[PDB]
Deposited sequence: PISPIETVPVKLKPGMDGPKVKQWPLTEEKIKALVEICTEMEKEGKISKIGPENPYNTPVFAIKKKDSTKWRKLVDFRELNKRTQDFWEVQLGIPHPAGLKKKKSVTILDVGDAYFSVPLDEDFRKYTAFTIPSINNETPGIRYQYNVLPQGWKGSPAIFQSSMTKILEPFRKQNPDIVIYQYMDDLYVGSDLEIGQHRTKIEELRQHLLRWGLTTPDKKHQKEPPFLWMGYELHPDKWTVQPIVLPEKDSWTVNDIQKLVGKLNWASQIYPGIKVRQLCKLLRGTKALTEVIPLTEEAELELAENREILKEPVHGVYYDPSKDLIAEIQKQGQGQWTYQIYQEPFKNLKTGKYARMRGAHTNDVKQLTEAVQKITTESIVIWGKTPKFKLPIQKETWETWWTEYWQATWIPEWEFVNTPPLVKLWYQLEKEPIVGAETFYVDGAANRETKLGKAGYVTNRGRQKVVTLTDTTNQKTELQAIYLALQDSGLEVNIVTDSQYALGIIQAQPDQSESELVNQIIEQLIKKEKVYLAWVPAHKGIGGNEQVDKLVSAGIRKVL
């Protein structure tokens, strides 16, 4: 097998892995394991033990027979290791090669030596009808043990180390028991380098498929088709049935959701509807007409092929964004007009209170971080907003906010400020002194207002709070008012929410206010402390407390 320095392993402090008894098996298995084992025994993989070993994992036999072992126990008492990178390479950030070979080592774990010191801990056993006596223990990484992945990769990394320093024009990707190798050499040169690689590994005991057994490009990657110079979006097929269980529907959505990034115009609103109130996965829901519709429109869309290019470090990275509805954004990142590297969609973030500018800001933050990972760079942005609006928003917003280098792109619908609060009171404009209160034991509340022109109104609410009532008042004011208003409230809460000029929310109330707000021609909102002899306020303070 392999001759690399084994890794020092130790059981979590204190813990030790003693015993999960053996599962007496039939006679057909007790011997179908006795066989496979004698094998490994010679290859040097497993070593007939017993001399001094109290530990033990249970062996199983599954339909070919083949053996499985439960370190489930062993593992949880095994120290933690340096995680296997689960952060993985995305097609959009790869550099076009002329060729890319893949070498499936396959039989690997069983090639790497186990930390002798620790092998004892691997002991397991084989049944025997009449239990009249088979004890073994691994000498190499066990298929199923906690540290096999980390310990293996690491060895792998160490074995290539030379090779790479020697062959910088070559690029290797290590994934699981796989190795993706590409280059810029010529068809024969590369072939030859692979061969070199192949034997180099065997010089270390790691077996790999030859040239007439290795798999061929394109290669499937987390959804894509990878050709060494380009990639294609795997065609996406949607089944056509007369029986659509909830399950069938969810998974469809799940599929469509994925396509929403690559493909333009996908919809799931009406398919999603069909799950409303579903009582079981196995339940059957007849697709509505609109459902049977978008689904079809989606099939048409899904036939289209999505071709894509790789990264060229000698060209600008550029990210352009679109507002595909409230809270919904689309983005495409390319280097050459229309030759996209990557595309995606960010779904409606439905929170307490924001606005497009804010929303846009987060979309941008998201693409940046994606980019810093994919390409280790920040794209030059092209946003559907005017430097003037961004200048207005930031210059006046209470929170640190930033947008890396960017450029306006006049591609409506544009992101704007649906309304702005006056900075000073409005002259001649009516003046509403509003207020609301609620009890802390009945949740009974009163909301209303009193104004200069005598006008007024109070109203009772049930099952509300201080903040819901206070908002209520502001709404009333916005209704029984002209196109220009001055509103004075005592609610720091109401204020702040509004002081931040929201244009989207999940509160029916707030939403309404917003609307009202966008409608008016001039609005100035003001704040005055709660219970004082402050004109107008002391007045409403009397009506919302009777």
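For this chain, the deposited residues without C-alpha positions form the stretches 1, 66-70, 140-141, 555-560, given in sequence order.
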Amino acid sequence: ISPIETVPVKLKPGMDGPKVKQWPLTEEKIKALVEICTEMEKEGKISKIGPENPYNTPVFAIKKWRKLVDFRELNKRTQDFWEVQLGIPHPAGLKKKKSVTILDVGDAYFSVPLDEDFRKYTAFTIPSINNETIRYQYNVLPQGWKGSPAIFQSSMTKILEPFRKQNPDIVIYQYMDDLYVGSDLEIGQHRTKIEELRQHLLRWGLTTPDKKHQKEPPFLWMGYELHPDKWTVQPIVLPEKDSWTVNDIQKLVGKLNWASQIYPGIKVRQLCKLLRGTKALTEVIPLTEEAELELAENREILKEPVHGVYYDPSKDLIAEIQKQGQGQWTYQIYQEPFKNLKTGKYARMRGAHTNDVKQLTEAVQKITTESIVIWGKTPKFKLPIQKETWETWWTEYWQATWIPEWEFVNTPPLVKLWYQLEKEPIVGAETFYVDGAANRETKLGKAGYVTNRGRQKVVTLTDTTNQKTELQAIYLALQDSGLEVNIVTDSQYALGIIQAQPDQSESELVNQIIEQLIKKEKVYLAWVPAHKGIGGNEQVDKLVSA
From here on, numbers count along this sequence of modelled residues.
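Between the stretches 481-489 and 32-40, it is 32-40 that shows the larger average CA temperature factor. In this entry, 105-113 shows the higher mean Cα temperature factor of the pair 105-113 and 215-223. In this structure the maximum Cα B-factor among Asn53, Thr57, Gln504, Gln499 is found at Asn53. The PDB entry assigns the greatest CA B-factor among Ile374, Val458, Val309, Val100 to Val458. Ranked by C-alpha B-factor against the other modelled residues of its chain, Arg440 falls in the highest third. The deposited CA B-factor of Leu238 belongs to the highest third of values across its chain.
Among all modelled residues in this chain, the alpha-carbon of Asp184 has a temperature factor (C-alpha) in the lowest third. Ranked against the other modelled residues of its chain, the C-alpha B-factor of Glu515 as given in the entry falls in the lowest third. In the PDB entry, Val523 places in the lowest third of its chain by CA B-factor.
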